Ligand SMILES: *[C@@H]1O[C@H](CO)[C@@H](O[C@@H]2O[C@H](CO)[C@@H](O[C@@H]3O[C@H](CO[C@H]4O[C@H](CO)[C@@H](O)[C@H](O[C@H]5O[C@H](CO)[C@@H](O)[C@H](O)[C@@H]5O)[C@@H]4O)[C@@H](O)[C@H](O[C@H]4O[C@H](CO)[C@@H](O)[C@H](O)[C@@H]4O[C@H]4O[C@H](CO)[C@@H](O)[C@H](O)[C@@H]4O)[C@@H]3O)[C@H](O)[C@H]2NC(C)=O)[C@H](O)[C@H]1NC(C)=O
Ligand SMILES: *[C@@H]1O[C@H](CO)[C@@H](O[C@@H]2O[C@H](CO)[C@@H](O[C@@H]3O[C@H](CO[C@H]4O[C@H](CO)[C@@H](O)[C@H](O)[C@@H]4O)[C@@H](O)[C@H](O[C@H]4O[C@H](CO)[C@@H](O)[C@H](O)[C@@H]4O)[C@@H]3O)[C@H](O)[C@H]2NC(C)=O)[C@H](O)[C@H]1NC(C)=O
Ligand SMILES: *[C@@H]1O[C@H](CO)[C@@H](O[C@@H]2O[C@H](CO)[C@@H](O[C@@H]3O[C@H](CO[C@H]4O[C@H](CO)[C@@H](O)[C@H](O)[C@@H]4O)[C@@H](O)[C@H](O[C@H]4O[C@H](CO)[C@@H](O)[C@H](O)[C@@H]4O)[C@@H]3O)[C@H](O)[C@H]2NC(C)=O)[C@H](O)[C@H]1NC(C)=O
Ligand SMILES: *[C@@H]1O[C@H](CO)[C@@H](O[C@@H]2O[C@H](CO)[C@@H](O[C@@H]3O[C@H](CO[C@H]4O[C@H](CO)[C@@H](O)[C@H](O)[C@@H]4O)[C@@H](O)[C@H](O[C@H]4O[C@H](CO)[C@@H](O)[C@H](O)[C@@H]4O)[C@@H]3O)[C@H](O)[C@H]2NC(C)=O)[C@H](O)[C@H]1NC(C)=O
Ligand SMILES: *[C@@H]1O[C@H](CO)[C@@H](O[C@@H]2O[C@H](CO)[C@@H](O[C@@H]3O[C@H](CO[C@H]4O[C@H](CO)[C@@H](O)[C@H](O)[C@@H]4O)[C@@H](O)[C@H](O[C@H]4O[C@H](CO)[C@@H](O)[C@H](O)[C@@H]4O)[C@@H]3O)[C@H](O)[C@H]2NC(C)=O)[C@H](O)[C@H]1NC(C)=O
Ligand SMILES: *[C@@H]1O[C@H](CO)[C@@H](O[C@@H]2O[C@H](CO)[C@@H](O[C@@H]3O[C@H](CO)[C@@H](O)[C@H](O)[C@@H]3O)[C@H](O)[C@H]2NC(C)=O)[C@H](O)[C@H]1NC(C)=O
Ligand SMILES: *[C@@H]1O[C@H](CO)[C@@H](O)[C@H](O)[C@H]1NC(C)=O
């Protein structure tokens, strides 16, 4: 997300920072609307990064482990293909104030071989 | 607990007039006294009891903004083993020793889904009971097979009961389930005893004993089933 | 209020200019940190997970000249919240899988500054210590489960452990009644483990648990021999 | 309420002799029983509190004992000044006292 | 020296209400609730009711519910007991005590004889 | 203007207050009046020998430092202020785990009267430890305690007493009984000293008297066992010439008791001593096994002379055992 | 340059069902820092856990970690020694429950080379090299 306040003009093109600055700056209060229980990993230190450019770009990212809820109906079992969702949106900010927009290279699925998707 | 991912799920919204819209995403394991004496044919009633801790009705006051719209999204809920027949909202003012405190009591009148448990629990027991009736047909001149067939059924009952007890609590009253299982146990046991009696008498008229037992068992079992269903269905 | 005001002045003097970062008598001989334990209960000996749950009052007394006071004749017992403002041994249980200090009503800690300077730090710790269980002869087996106590950072030159009262340091084990284990005997050891960095101080409290065969003889062997 | 059944109505024990009393309780009273000594024309005086613990300023001759539903007061060697009316009491509920018990030579 | 001074002996005809006071000393009056106990001649002493001075709450014995009304003065640290509809049977000596803890009645009053001829 | 006075009083309360020291340190003991209101007696986990209990732990102590004079007789202090004053460090001597509920906000209420008295009602969920000597299980009664007292302050520093009469100072909510197979018969209290390594402490015991409800075990366990035993006897009645029938009946009868015994033990902890339920199950197991033994003995000989004695003996001996067992355990208190 | 090293205190149980294993490790790791340079009587200055948070440390997360816990009984199990030159030594005790992808096709003879991949989270290859 762009942030007009976090603009700096210097030879440094990007301020690559650790998790220490996550709390200091504004963060979108995103939450997963079907997460029964989730937590961000903390060992060794909070798994979070924060990169900032001159133009005001921010690239806050973090690692999460969501135990998302999926309406797994078993009318025909085992036969049930499921499109399990991961709905997430700002908890408080209205649509008029926070808009989430996918990019074409959004969901980079990893190596499915090592998944526990058995 | 209030969910924490990504940030602490919580809202503040200072409206221009002054109204502060404060909201949290909460998960609660609220307690609900279960009277599982009609279980599985039970209509467990559960409630959430919102109440102020340190403030009396003089200082604070709770109401459902919107007479009934204050509760939403209940209908879309699809409980696995339950159906939310109704929900009601009450706004009491309980009187304690210190003073009158506010109170809001959201209530859900859950109804057990008999469709699941009729096949999960009742159907095997009933089927095994039917198998017990098959014993009477066999013979009386040579019924060494009848004894084996009869005595296997109680073992089946015991296995079914052992697997069932894991899910259930230990309330002393028979509940709707243990009473039926034990009654079916009694019926099959009495079938074994009937075989014992007829075999003893014959080896000690006999045909009449056989046929009277054969007619008696289905009708009395049907009476038991009718009585049980009538008693617990209502 | 003269007495209590004077005691407040004394405590303020003690905590004035007190550097928690420095162990007692820094740049000096090792500080002798006595330990004494009162086993509240031992329960849930999880053979499947190879560990046991220990609940204990973990006292650890040590001398400290900075906190010495003489005006007050009695033993001050300050609030448990002052522990964070005082130095303590960096003790840790080596074979602990998970442990916590009990919460309610307040964090269960104790501080007691004696006139000489001795501080009787104490905690009510519940720990699920793990002991490698040799179940080759189970159920007719014994287990030498232990709670290795060791100082994480300091070396033997800086800190020294010892059971206070020696064999009387550990108390209350006799009263314990585990469901299927008889605590035949307990033994207290003092060691100086030689690690790569140096010789660290060590204490070991080992309970030689013995399996109660009454339940196993009741349910395991009897039906089998009958069959 | 709780009734305090003072078994010994009175005793004629001689001086310097072992003397004992009993203070039965109908229902559980924990250990809150207390004993009082009432000399004639004088208010009751506390001797033992909390069943066993002896009140301050009391001569050590008196010695309480006993658990819930069984309470006894004993004196090793009764003296001349240690003769008066003895009635126990319990405070596990609203207070109730038993009948007096005198000492005579 | 804590002393529980009382008014003194009183005599009055039957059916006439009477009041008896209990003056404490030394210890903080409001801290420990007062107990009023009646003792007939050679009979077991019986408790009437206790009046926690601070909030003036009271709890009277069932047999004396309404027979005695207990009040207290905060300015003058004195506890007042008032009896109504006196009879011959009620004649006795009335004592006011202090319940120091849950265990024992520490201090007791001098004693107030009551006579109903 | 009322708020200005109130906020100034709250500002001036903590001035000069050192929460590290209990009230009147070095002058007098800090008595602590106490009482408990049990919202609901949680489940009794016999397997772990523990019971959960949700309580409104109240406790009052005189403090002279927190004296204020103003229009309000009682002040209200938020949970933030409650952490800046000396609250007694009470704990539960048998508390395996306890949660201080704090949703939506810390369930703590602190009030300060003008004289300096305090009231610190708070809501807790104590999973205390109840040592269960399950010798007469199922027909057994357990008086689970809730001992609590100071952790650091010796008996010469803080003493715990019940605010009302000891009988009136522990209250159980009328609907507060979440026991599946227990009945909270009543509550009793006591206060006694305990000797420890550090010193002597006052312990406020509270024995919650419970008796296990026995109907579920009767229908689930005892009835099948008794019925199976009776079926074993009827095997005698059948015949002696029909060897296969007797064999089948006996072997299946033995088979059932294995499942029955296994089911009963799963709930209990693995206490070495027989809990008097395994005792009954084992006696019935021996009875059915003896029925098999007698069946084999008669089978060796290959009318019904040997089996008449067993036919009369087994019912008689079994009735003797049943009557003796029930009379012994039921009467035992 | 962060010079890491591991001393496995105990190789915890291998969770066959969940395809993960527990491992208790003394996760040591040193790195040169010129800012924390001091000359004094003592070459090594042991620091309390409070000071450890106030100085930079490598955010060495575990690439296949799942529900890892850093032991805190009694106090936090982690020291931080600063040598005179500035060669920090940041030792800590962990119980990482790393993820081990198991292909149980050759059961029960199946053998698995369970990994413990770990590296910086916020710093690329050009800022923090292990
Ligand atoms: C009712 O009681 C409950 C507890 O009974 C309270 O919940 C606790 O509240 C405190 C205070 O906010 C939380 O402390 C925070 O912990 C963060 C890490 O927590 C992790 O470790 C703990 C064990 O120590 C785990 O229990 C946590 O997991 C639990 O919580 C998460 C959600 O957090 C749940 O999803 C889980 O399921 C568990 O329930 C975590 O694994 C810690 O990082 C944080 O410290 C940062 O933030 C504070 C905020 O003031 C800063 O002061 C501090 O300096 C840190 O800030 C640095 O680091 C952040 C990292 O993001 C950077 O962004 C900053 O810029 C800066 O560099 C804080 O200490 C506690 O986790 C939480 N849960 C507990 C104890 O279980 C409720 O608050 C209380 N009230 C209500 C209304 O419920
Ligand atoms: C699941 O289980 C819960 C148990 O908690 C049930 O909750 C109860 O629901 C009933 C019905 O909704 C509630 O009854 C209500 O009582 C209110 C209070 O009555 C007093 O009102 C004034 C004070 O305001 C007094 O002066 C007066 O004398 C009454 O004593 C009523 O105000 C409510 O509305 C109407 O009640 C009756 C008619 O029913 C009349 O008095 C009026 O017409 C009044 O408008 C209502 O009656 C009860 O309080 C709830 N709590 C309980 C029982 O603990 C749930 O209902 C149940 N689930 C379902 C689906 O039913
Ligand atoms: C603050 O807290 C401290 C610690 O408790 C109190 O001081 C100690 O209190 C203990 C009581 O538990 C005392 O213990 C007794 O010590 C006697 C002498 O000990 C001296 O020698 C030892 C070395 O052996 C020194 O370590 C010690 O400091 C003393 O110099 C022993 O003889 C006693 O044993 C006897 O106990 C009883 C009664 O005497 C006998 O019947 C037994 O048979 C046995 O022989 C006992 O062990 C200790 O002495 C006290 N002093 C200390 C620790 O220096 C403070 O009183 C307290 N402050 C207060 C209350 O204001
Ligand atoms: C492993 O175990 C250790 C054991 O010590 C934990 O370390 C303690 O952690 C707690 C909580 O994180 C610390 O408590 C905090 O202390 C801070 C500093 O207090 C001093 O300074 C303030 C002024 O700033 C003084 O008023 C005070 O008297 C002290 O002198 C407080 O500022 C903190 O307040 C925060 O939490 C409270 C909770 O009520 C909030 O209300 C506040 O708004 C604020 O957010 C807090 O009280 C404690 O200090 C730590 N110990 C030491 C020695 O410092 C580790 O946290 C633990 N780690 C893990 C991972 O489990
Ligand atoms: C459960 O498992 C624990 C494992 O920690 C066992 O603890 C070990 O126990 C053994 C023996 O009990 C310890 O081995 C040695 O014990 C000696 C006991 O001292 C007496 O005996 C010696 C002669 O054996 C006499 O000289 C002495 O005067 C005493 O009479 C210690 O003295 C030993 O230490 C000495 O030797 C070592 C090695 O030579 C030196 O390095 C020391 O500095 C010192 O000079 C030694 O401790 C062993 O130390 C214990 N700890 C371990 C192995 O970690 C339990 O015994 C076992 N059983 C139970 C019931 O818990
Ligand atoms: C994930 O979501 C993104 C966007 O929400 C999907 O990518 C979008 O795909 C549409 C389909 O063509 C693109 O529309 C076309 O884009 C081109 C290039 O910008 C433009 O020239 C055309 O006129 C037309 O608008 C759209 O651009 C593209 N999003 C972006 C940001 O370019 C993507 O397919 C989704 N992933 C799935 C479905 O797996
Ligand atoms: C940075 O400075 C340049 C000129 O040196 C200016 O054009 C630019 O707007 C500045 N950016 C800021 C202040 O964000």
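For chain E, state what percent of all Cα-Cα pairs lands in each successive 10 Å bin, counting from 0 Å until the bin that includes the largest distance.
Taking every Cα pair in chain E, the percentages come to 14, 50, 30, 6.
For segment B:158-211, take the alpha-carbon Rg, divide it by the Kirkwood Rh, and send me Rg/Rh.
Numbers: Rg = 16.7 Å, Rh = 13.6 Å.
Over the Cα atoms of segment B:158-211, Rg/Rh equals 1.22.
Label residue B:228 and residue F:267 with points 7 Å out from Cα along Cα→Cβ: what is the distance between them in nm?
Placing both labels 7 Å beyond Cα along the Cβ direction yields 2.1 nm.
For segment F:132-182, what does the alpha-carbon gyration tensor say about shape, rounded, prolate or oblate, given a ≥ b ≥ c as the root eigenvalues, a/c under 1.5 as rounded, and a/b over b/c as prolate?
oblate
Any idea what diffusion coefficient segment E:56-117 gets from Stokes-Einstein, in µm²/s, Kirkwood Rh on alpha carbon pairs, 4 °C, 1.567 mPa s?
Stokes-Einstein gives a translational diffusion coefficient of 96 µm²/s.
Measure out, as a whole number of angstrom, how far apart the alpha-carbon centroids of segment A:1-59 and segment G:30-91 sit.
Here the two parts' Cα centres lie 25 Å apart.
Roughly what % of DSSP beta bridges within chain C run antiparallel, to the nearest 5?
90
Under the Kirkwood approximation for Rh and a Cα-based Rg, what ratio Rg/Rh is obtained for segment D:26-70?
Numbers: Rg = 11.5 Å, Rh = 11.3 Å.
Rg/Rh for segment D:26-70 comes to 1.02.
So what's the back-of-envelope 222 nm ellipticity for chain B, counting only DSSP H runs of four-plus at -39500 (n - 2.57) apiece and dividing by all residues, rounded to 500?
Working: 5 runs with 95 residues, N = 234.
Helices in chain B give a 222 nm mean residue ellipticity of -14000 deg cm²/dmol.
Per residue of A:81-94, what is the mean number of Cβ atoms on other protein chains within 10 angstrom of that residue's Cβ?
For this peptide, the per-residue mean of nearby foreign Cβ atoms is 2.
Could you give the C-alpha radius of gyration of segment C:152-193 expressed as a fraction of 2.2 N^0.38 Å, taking N as the number of residues it contains?
Scaled against compact globular proteins, the figure is 1.60.
Sticking with the crude label model, points 7 Å out along Cα→Cβ, report the distance from residue B:81 to residue A:74 in nm, one decimal please.
Inter-label distance under the simple model: 1.2 nm.
Could you tell me how many degrees, from 0 to 90 and to the nearest 10, lie between the Cα long axis of helix C:2-15 and the main elongation axis, the longest principal axis, of the Cα atoms of chain C?
For C:2-15 against chain C, the angle is about 80 degrees.
For each of C:159, C:217, B:177, count neighbouring Cβ atoms within 10 Å of the residue's Cβ, then give the residues from fewest to most.
In order of increasing Cβ crowding within 10 Å: C:217, C:159, B:177.
What is the Cα centroid distance between segment B:128-181 and segment F:119-167, reported in whole angstrom?
Between the Cα centre of segment B:128-181 and that of segment F:119-167, the gap is 47 Å.
Under 25 °C and 0.890 mPa s, how fast does segment F:31-92 diffuse according to Stokes-Einstein, given a Kirkwood radius computed over C-alpha pairs? Answer in µm²/s, whole number.
164
For the residue pair residue B:55 and residue E:71, what label-to-label distance in nm results when each label sits 7 Å from Cα along the Cα-to-beta-carbon direction?
4.0
Run lengths n ≥ 4 of DSSP H only: what is the helix-derived mean residue ellipticity at 222 nm for chain C, with -39500 (n - 2.57) per run over all residues, to the nearest 500?
It lands at -2500 deg cm²/dmol.
Take the Cα atoms of chain F, build their convex hull, and give its volume per residue in Å³.
Cα-based convex hull of chain F, divided per residue, equals 159 Å³.
I'd like the projected area of segment F:184-282, averaged over all directions, using the convex hull of its alpha carbons. Report it in nm² with one decimal.
Hull-based average projected area comes out at 9.9 nm².
What are the equivalent ellipsoid semi-axes of segment G:59-130, built from the alpha-carbon gyration tensor (square roots of five times its eigenvalues), in whole angstrom, biggest first?
31, 18, 11
For chain F, what does the helix formula give at 222 nm: sum of -39500 (n - 2.57) over DSSP H segments with n ≥ 4, over the residue count, nearest 500 deg cm²/dmol?
It lands at -11000 deg cm²/dmol.
Take every Cα-Cα distance within chain D, group them into 5 Å bins from 0 onward, and report for each bin the whole-number percent of pairs it holds.
P(r) for chain D, in whole percents per bin: 3, 14, 26, 27, 19, 9, 3, 0.
Starting from the Kirkwood radius over alpha-carbon pairs of chain B, derive D by Stokes-Einstein at 20 °C in a medium of 1.002 mPa s and give it in µm² s⁻¹.
Using the Kirkwood radius from Cα pairs, D works out to 93 µm²/s.
Would you please state which residues of segment F:24-47 a label at residue F:64 would reach in this model, taking the label point 7 Å out along Cα→Cβ and a backbone N cut-off of under 15 Å?
F:24-31
Rg over Rh of chain C, using C-alpha atoms and the Kirkwood radius, what does it come to?
Rg/Rh: 1.07.
How long are the semi-axes of the equivalent ellipsoid of segment C:117-163, taking √(5λ) for every eigenvalue λ of the Cα gyration tensor, in whole Å from largest down?
On the way: eigenvalues 211, 42, 19 Å².
Working through the eigenvalues yields semi-axes of 32, 15, 10 Å.
Note the per residue figure in Å³ for the convex hull of the C-alpha positions in chain A. Before the final figure, lay out the partial values.
Working: hull volume 21.0 nm³, N = 118.
Residue-normalised Cα hull volume stands at 178 Å³.
Whole angstrom only: what separates the Cα centroid of segment C:155-182 from the Cα centroid of segment C:193-211?
Distance between centres, Cα-based: 12 Å.
Kirkwood hydrodynamic radius, the protein assembly as shown, all distinct C-alpha pairs: what's the number in Å?
Result for the protein assembly as shown stands at 37.5 Å.
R0 = 60 Å: FRET efficiency of residue B:214 with residue C:138, Cβ-based, nearest 0.05?
On the way: r = 54 Å, r/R0 = 0.91.
According to the calculation, E is roughly 0.65.
Going by how many other beta carbons lie within 10 Å of each one, how would you line up A:11, F:228, B:56, F:205, fewest first?
Numbers: A:11 5, F:228 23, B:56 15, F:205 19.
The most exposed by this proxy come first: A:11, B:56, F:205, F:228.
I'd like the FRET efficiency for residue B:123 and residue C:217, computed as 1/(1 + (r/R0)^6) with the beta carbon distance as r and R0 of 25 Å, rounded to 0.05.
It comes to 0.05.
Of all DSSP beta bridges in segment F:1-117, what percent run antiparallel (nearest 5)?
100
Set the Förster distance to 60 Å, then compute FRET efficiency between residue B:35 and residue F:17 from the Cβ-Cβ distance, nearest 0.05.
E(calc), rounded to 0.05, equals 0.75.
Cut-off 13 Å, label point 7 angstrom out along Cα-to-Cβ of residue B:89: give me the residues of segment B:102-119 whose amide nitrogen falls inside.
Counting backbone N atoms under 13 Å from the label point, the list is B:104-107.
Here the Cβ is made from the backbone with ideal geometry for all residues, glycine too, and neighbour counts use every protein chain on show. Taken together, the values in this text are just the output of simple stated rules run on the coordinates, not laboratory data.
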